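Engineer: Provided hereafter are the protein sequence and its experimental coordinates.
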Protein chains: 2
Amino acid sequence: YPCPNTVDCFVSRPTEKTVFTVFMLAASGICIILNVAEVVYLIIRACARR
Amino acid sequence: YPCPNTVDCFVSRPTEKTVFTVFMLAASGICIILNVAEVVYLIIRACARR
């Protein structure tokens, strides 16, 4: 509301926004994986200390 | 086509057009009934001649 029935709307820059979204998502996923690996390595180092 | 999806359109004078349509339809129906009655009366007069 208040758009009557269904209307078509157009996004500004779909393809460029998609490319930047892919870049950001890949960076975030790599960050997650690296954080998990760092936690595991910290646990391994703590075990190796003892 | 080419109207996108469904759009709303507005008629100019719905109520006045409806009133005149009712008038014309009533006149036409009365004409039909009167024509039928005239045919029947012509048949009756032709029979009465014989």
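Structural biologist: Nice, thanks for sending it over. Residues are numbered from 1 along each chain as shown, chains lettered A, B, ... in the order given.

Engineer: ok, the residue most central in space within chain A to chain B distance?
Structural biologist: In chain A, the centroid-proximal residue (Cα atoms, centre = their mean) is residue A:25; its distance is 3.0 Å. Residue A:25 sits 32 Å away from chain B, going by Cβ to the nearest Cβ, to the nearest Å. C-beta here means a position set from N, CA and C on the backbone, and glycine is covered the same way.

Engineer: give me the phi and psi for that residue.
Structural biologist: The phi/psi pair for residue A:25 (degrees, to the nearest 10) reads phi -70, psi -40.

Engineer: residue A:6 too?
Structural biologist: phi -130, psi 130.

Engineer: for it, give me its contacts.
Structural biologist: Residue A:6 makes contacts with B:5, B:6, as judged by Cβ atoms under 8 Å, 6 or more residues apart in numbering or on different chains.

Engineer: equivalent analysis for residue A:45, please.
Structural biologist: Residues counted as contacts of residue A:45 (Cβ under 8 Å, 6+ apart): none.

Engineer: SS state for it?
Structural biologist: With DSSP: H, G, I helix; E, B strand; the rest coil as the basis, residue A:45 sits in helix.

Engineer: point out the residues in chain A that sit beside chain B.
Structural biologist: Where chain A comes near chain B, counting by Cβ under 8 Å from any Cβ of the partner chain, the residues are A:4, A:5, A:6, A:7, A:8.

Engineer: tell me the spacing between the residue nearest to residue A:5 when sequence neighbours are not counted and residue A:4.
Structural biologist: Spatial nearest neighbour of residue A:5, chain neighbours left out: residue B:6 (4.3 Å); criterion: Cβ to Cβ, 6 or more residues apart in numbering or on different chains. Note on residue B:6: its distance to residue A:4, by Cβ to Cβ, to the nearest Å, is 8 Å.

Engineer: and for residue A:33?
Structural biologist: 48 Å.

Engineer: likewise residue A:39?
Structural biologist: The value you get for residue A:39 to residue A:4, if Cβ to Cβ is used, is 54 Å.

Engineer: with residue A:21 instead?
Structural biologist: Noted for residue A:21: a distance of 32 Å to residue A:4, by Cβ to Cβ.
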